[PDB]
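Q:
There are 2 protein chains.
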Amino acid sequence: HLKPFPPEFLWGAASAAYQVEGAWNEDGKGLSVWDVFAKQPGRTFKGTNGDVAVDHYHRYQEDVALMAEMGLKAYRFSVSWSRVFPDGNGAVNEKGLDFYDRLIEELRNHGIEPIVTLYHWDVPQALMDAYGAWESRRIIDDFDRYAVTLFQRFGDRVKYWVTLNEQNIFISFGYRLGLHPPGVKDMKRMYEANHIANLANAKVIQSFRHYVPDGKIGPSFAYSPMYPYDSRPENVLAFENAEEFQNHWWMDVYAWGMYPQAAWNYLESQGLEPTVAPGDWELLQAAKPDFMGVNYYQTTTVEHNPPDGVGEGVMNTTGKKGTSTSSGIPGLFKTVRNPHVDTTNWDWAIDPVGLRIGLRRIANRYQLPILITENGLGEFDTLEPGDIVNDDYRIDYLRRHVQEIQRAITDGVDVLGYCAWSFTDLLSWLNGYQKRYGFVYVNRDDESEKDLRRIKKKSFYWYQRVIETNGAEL
Amino acid sequence: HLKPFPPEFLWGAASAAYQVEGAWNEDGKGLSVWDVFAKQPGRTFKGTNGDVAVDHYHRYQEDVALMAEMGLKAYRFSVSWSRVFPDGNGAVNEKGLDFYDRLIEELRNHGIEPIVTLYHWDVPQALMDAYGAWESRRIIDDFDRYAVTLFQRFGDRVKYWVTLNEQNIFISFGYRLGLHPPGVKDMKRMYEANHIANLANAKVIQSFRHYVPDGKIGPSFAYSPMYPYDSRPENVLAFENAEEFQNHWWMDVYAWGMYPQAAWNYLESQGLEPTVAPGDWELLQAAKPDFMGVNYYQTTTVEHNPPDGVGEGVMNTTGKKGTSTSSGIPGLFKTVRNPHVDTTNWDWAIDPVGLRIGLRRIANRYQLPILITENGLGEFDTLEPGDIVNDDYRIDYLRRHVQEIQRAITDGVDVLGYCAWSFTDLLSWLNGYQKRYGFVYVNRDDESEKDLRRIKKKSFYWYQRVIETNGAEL
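Sequence lines, in order, name chains A and B.
Here the first sequence stands for residues 50 to 523, where the numbers follow my numbering.
Here the second sequence stands for residues 50 to 523, where the numbers follow my numbering.
Below, the structure is given as structure tokens:
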């Protein structure tokens, strides 16, 4: 006897600006850290970059009408800070704001709720040049200026706002693994940049309470809930260490304004804990969000990792199955394959019960409503003659996840909406274009833009039916 | 690399009044529910009861001397409400108080820190007769007045207090399994009494803040940390339900003053949730403790339990190994033996790492300092020629748990103290005397009451040494 999806439930889809828009140098846009980074040889699969992407900047009207045909209730998109401030903190580029105003008016004329993400990884390069972007306190008031600019221009028409999208990923990939700008591999630097970003998050939520008093705002955390391998007590302890270090490290700051203490102590023992200024704890504790945004693709299984043990591991970016290997922190935990679920070709675990677990943990720990800001399956799609894309595998993966969402609602979790990643196919940051996530196929590949034509996948019509029935038919 | 135990670490040992005191009808002592219950034939192994026990009411001076010789920094005991108010709510019994006053002066004069437990399961039978005891709100101001009397008489000499001891055990065993007074098997009544015990806990903490401003107080919870059997997602989900239902159900009320929602909603849907009055939440939320008390003996591993599957199961109090059977809640979870630890012959888990996990879960979820109020191993001891009890099995169990406490302190958990269970052998509630927990053997069995002479076991000398080396030598 399941609860129904509430009447307001935001059935959505999502994108990110640098992955979709193109027009990387048009209408006064400044360079972002991604415009520069993806151009350095070797950084991205086959040198793929966002100069054009799938040209959503020019094609937004076509894309929006396709959202209207699907009947989408909400659209989640990111604003590119370099179009608004080409030098990050100078004078506003009105042409930049005018694209987003055009896009927002298009959505509202079709009855679609905009969900605006303030930051999806594309800090302007000028700020990196000036003071090292996220590594400097100067970015707090710079992000603030930007965010208020958007709050004052669009706050009357946008109620739902996301602050930092997957801060855990952009910080860790940019400063620990070196895979994303600025390409640094330095844990001390990572944790310092992380602290600054936590302060910037708080500062903008606070500003939001003044400028958009009737809006709702949250960060969007990349959440992979941890499991222990088994009931061996050392494996369970690994699970405690992992959930704390990977998930609580961020979500507790978001919900409570405090870092967990075991993880803090372990960092301190290693000289890695961030520098804290007078007033930091106060700011962080006073920035309560309306919801926890959750981007969910998979759970992670862990086991005991001796101090002489596994550290960085191999990340599958090819799409050859079986190629990833264990990653962890020596002495705390390492990952291991969950033998009780299937994986993708990119070795991502398929675990829709995991999403129920994840949503249950957040309610249980923080008592927060959740907006699911991303969930999706990336796979090769074949375009068959007659402009046909049979993506049964995507429908299956989305069906099972939406089913478990309802179970969670039934359990008592306040879930505000569900945004599938992605609306159209788009550019993956490191893996090019062939790992497709859209409801709408874009005719291009890694070698050619072809005509970038939009072709509705079978999953398009499945989700249209889900939305028309408010989830009752899956 | 281990931190040492702090310099003021309360190395302790513990008892419960009914289990140790006797003098069941002396100096004005009223009847307790256990005096009555235990006399009913069937209830207790071979009719054993607390009329005499180990006669600590008469031999306390010999008992505090053996403490001083061991060098305990603290002793945890419970006050019998029926020595103080024979009627529960009538006139004060100055002689009942005088006994506790003599115990505390004895302890102080050997520089031992008294830890006073207000309630260990022995409400005056007169309150059960007048109004159902814990099933009535009337027990709130009666328990309060009792507590306030103790705080007024002893607060200047006792800094550490426990409020309700193992509340989950006296409620469950007393109102669901029917093994303790009042002998009931009714979940609705269980949860009502549970809720009233919660308000009583809170009310006495709020009194304590006024009467003992420089003191420290908290409840003590009987904690078996739940583990998932494996990384099967349905088993992890089972663990989420089990830890919330079995553990958070109590600890979140103690720390935060709120029940968890998924558990509450499950009860609400069975008709089982308690009755709430105006002011309940405000009082519960305003009763922050200084610490969380923890009674730990073992972890519990769980797995998926179908809606039709296992319910209440078979306990093994007989001591023959292998006879316990799975206990659970259909739909949520059921227990299963953990194949990665050994058990006792009572099918209890031997899992010292389990304690560190537990301590880590409390600091992580609540940020509270922990007082370990009970841990110990029960076994048969043989008295051998020359007054020698070679309790190696017990030393070994206790050593591993103290080793793991050190690791937790090193992880950054604030552990205030550790009270082994128990100082002298004592009366078990239901199983008699033969499963011994003491450092000090007491000469009596289930049949022959002999002379009750105190004989130091091998473990007494072990623990004297632990305390002498502040934990350095284990």
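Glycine included, every Cβ here is placed at the ideal spot set by N, Cα and C.
Taking the alpha helix (DSSP H) that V515/B falls in, what are its first and last residues?
A: Position 466 of the second sequence, counted from the first residue, corresponds to residue 515/B. Counting along the chain, the alpha helix (DSSP H) containing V515/B begins and ends at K507 to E517.
Q: Please classify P338/B: does DSSP put it in a helix, a strand, or coil?
A: Working through the second sequence from its first residue, we reach residue 338/B at position 289. Of the three classes helix, strand and coil, the one that applies to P338/B here is coil, per DSSP.
Q: Please confirm whether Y195/B and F134/B have their CB atoms less than 8 Å apart.
A: Counting from one through the second sequence, the residue named residue 195/B turns up at place 146. Counting from one through the second sequence, the residue named residue 134/B turns up at place 85. Taking 8 Å as the Cβ cut-off, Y195/B and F134/B qualify as a contacting pair.
Q: At what residues does the alpha helix (DSSP H) containing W130/A begin and finish?
A: Counted from its first residue, the first sequence places residue 130/A at position 81. Residues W130 to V133.
Q: So what does DSSP say about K499/A, is it helix, strand or coil?
A: Indexing the first sequence from 1 puts residue 499/A at position 450. Coil at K499/A, not helix or strand.
Q: Give me the subset of the segment 276 to 289 of chain A whose CB atoms are less than 9 Å from a CB atom of chain B, sorted by chain position.
A: So the list reads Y276, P277, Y278, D279, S280, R281, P282, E283, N284, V285, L286, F288 and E289, given in the order they occur along the chain.
Q: For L432/A, which option in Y486/A, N492/A, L475/A and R186/A has the closest C-alpha, if you only look at C-alpha atoms?
A: Looking up residue 432/A in the first sequence gives position 383. Considering only alpha carbons, the answer is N492/A.
Q: Could you run through the segment 452 to 463 of chain B and flag, in chain order, every residue whose CB is less than 8 Å away from some CB of chain A?
A: So the close ones are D460, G461 and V462.
Q: Quick check: is the beta carbon of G403/B nearer than 8 Å to any beta carbon in chain A?
A: Here residue 403/B refers to the residue found at position 354 when the second sequence is read from its first residue. Answer yes: the Cβ-Cβ gap between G403/B and chain A drops below 8 Å somewhere.
Q: From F222/A to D440/B, what distance separates their C-alpha atoms?
A: For the purposes of this step, residue 222/A is taken as residue 173 along the first sequence, with counting starting at 1. For the purposes of this step, residue 440/B is taken as residue 391 along the second sequence, with counting starting at 1. Taking the straight line joining both Cα atoms gives about 55 Å.
Q: Counting only Cβ pairs nearer than 8 Å, list the residues of chain B close to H389/A.
A: Numbered from 1 along the first sequence, position 340 holds the residue referred to as residue 389/A. Within chain B, the residues near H389/A are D279, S280, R281 and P282.
Q: Using three-state DSSP, classify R493/A as helix, strand or coil.
A: Here residue 493/A is taken as the residue at index 444 of the first sequence, counted from 1. Coil at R493/A, not helix or strand.
Q: Of the choices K252/B, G377/B and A291/B, whose alpha-carbon is the least far from that of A311/B?
A: If you number the second sequence from 1, residue 311/B lands on position 262. Selected option, being the one with the closest Cα: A291/B.
Q: Quick check: the segment 267 to 287 of chain B against the segment 343 to 360 of chain B, are there 3 or more CB pairs under 8 Å?
A: Cβ pair count under 8 Å is three or more, so yes.
Q: Leaving out five residues before and five after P434/A in sequence, what residues of the same chain have Cβ atoms less than 8 Å from its Cβ?
A: For the purposes of this step, residue 434/A is taken as residue 385 along the first sequence, with counting starting at 1. The answer is none, since no qualifying residue turns up.
Q: Whole angstroms is fine: what's the gap from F200/B's alpha carbon to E57/B's?
A: Here residue 200/B refers to the residue found at position 151 when the second sequence is read from its first residue. Here residue 57/B refers to the residue found at position 8 when the second sequence is read from its first residue. Going from the Cα of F200/B to the Cα of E57/B covers about 23 Å.
Q: On the three-state DSSP scale, how would you describe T459/B?
A: Within the second sequence, numbered from 1, the residue matching residue 459/B stands at position 410. Three-state result, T459/B: helix.
Q: Ends of the beta strand (DSSP E) at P356/A?
A: As a position in the first sequence, residue 356/A is number 307, starting the count at 1. Careful: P356/A lies outside any beta strand (DSSP E) and carries neither H nor E.
Q: Please identify, using Cβ separations under 9 Å, the residues of the segment 374 to 385 of chain A that lie next to chain B, in order along the chain.
A: Of all residues in the segment 374 to 385 of chain A, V385 have a Cβ within less than 9 Å of some Cβ in chain B.
Q: Let's test the definition: count the other Cβ atoms within 10 Å of the Cβ of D76/A and tell me whether it reaches 16, buried, or not, exposed.
A: Along the first sequence, one-based indexing puts residue 76/A at 27. Exposed.
Q: Is DSSP giving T367/B helix, strand or coil here?
A: The count along the second sequence starts at 1 and reaches residue 367/B at position 318. In this structure, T367/B counts as coil in the three-state DSSP scheme.
Q: Do three or more CB pairs link the segment 307 to 325 of chain A to the segment 387 to 395 of chain A at distances below 8 Å?
A: Verdict: no, contact absent.
Q: For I161/A, which of helix, strand or coil comes out of DSSP?
A: Translated into the one-based positions of the first sequence, residue 161/A becomes position 112. Coil.
Q: Return the Cβ separation of residue 39/B and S127/B in integer angstroms, given the expectation that the two are a contact with Cβ distance under 8 Å.
A: A query on residue 39/B cannot be resolved here, the shown segment of chain B reaching from 50 to 523 and no further.
Q: Strictly under 8 Å for the Cβ-Cβ distance: is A246/A near chain B by that measure?
A: Your numbering for residue 246/A matches position 197 in the first sequence. For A246/A, the answer is no, since every Cβ of chain B falls outside 8 Å of its Cβ.
Q: I'd like to know if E293/A contacts chain B, where contact means its C-beta is closer than 8 Å to some C-beta of that chain.
A: As a position in the first sequence, residue 293/A is number 244, starting the count at 1. Taking Cβ atoms only, chain B reaches closer than 8 Å to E293/A, which makes this a yes.
Q: Chain A beta carbons: is any one of them nearer than 8 Å to that of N354/B?
A: Looking up residue 354/B in the second sequence gives position 305. Output row for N354/B: interface = no.
Q: Could you work out which residues of chain B lie near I406/A, taking near to mean beta carbons separated by less than 8 Å?
A: Position 357 of the first sequence, counted from the first residue, corresponds to residue 406/A. Within chain B, the residues near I406/A are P282, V285, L286 and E289.
Q: Measuring only the C-alpha atoms, how far is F429/B from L404/A?
A: For the purposes of this step, residue 429/B is taken as residue 380 along the second sequence, with counting starting at 1. For the purposes of this step, residue 404/A is taken as residue 355 along the first sequence, with counting starting at 1. The alpha-carbon atoms of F429/B and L404/A are separated by roughly 48 Å.
Q: Straight-line CA distance for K122/A to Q255/B?
A: Taking the first residue of the first sequence as position 1, residue 122/A is located at position 73. Taking the first residue of the second sequence as position 1, residue 255/B is located at position 206. Looking at the two C-alpha atoms, the distance is approximately 49 Å.
Q: Rank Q483/A, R281/A and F488/A by C-alpha distance to the C-alpha of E496/A and give the top, closest one.
A: Start at 1 with the first residue of the first sequence, and residue 496/A comes out as number 447. Checked all of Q483/A, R281/A and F488/A; the closest Cα to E496/A is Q483/A.
Q: Tell me the rounded alpha-carbon separation between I419/B and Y467/A.
A: Translated into positions along the second sequence, residue 419/B becomes position 370. Translated into positions along the first sequence, residue 467/A becomes position 418. Cα to Cα, the separation comes out at about 40 Å.
Q: Please tell me whether, using a cut-off of 7 Å, the distance from the CB of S256/A to the nearest non-hydrogen atom of the ligand SAM is below it.
A: With respect to the ligand SAM, the structure shown offers nothing to examine, as it has no ligands at all.
Q: Out of curiosity, what's the CA-to-CA distance linking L321/A and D463/B?
A: Here residue 321/A refers to the residue found at position 272 when the first sequence is read from its first residue. Here residue 463/B refers to the residue found at position 414 when the second sequence is read from its first residue. Those two C-alpha atoms are separated by around 22 Å.
Q: Kindly indicate if chain A contains any beta-carbon less than 8 Å away from that of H450/B.
A: As a first step, residue 450/B is located in the second sequence; it is residue number 401 there, counting from the start. So, not an interface residue.
Q: So what does DSSP say about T350/B, is it helix, strand or coil?
A: If you number the second sequence from 1, residue 350/B lands on position 301. Three-state result, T350/B: strand.
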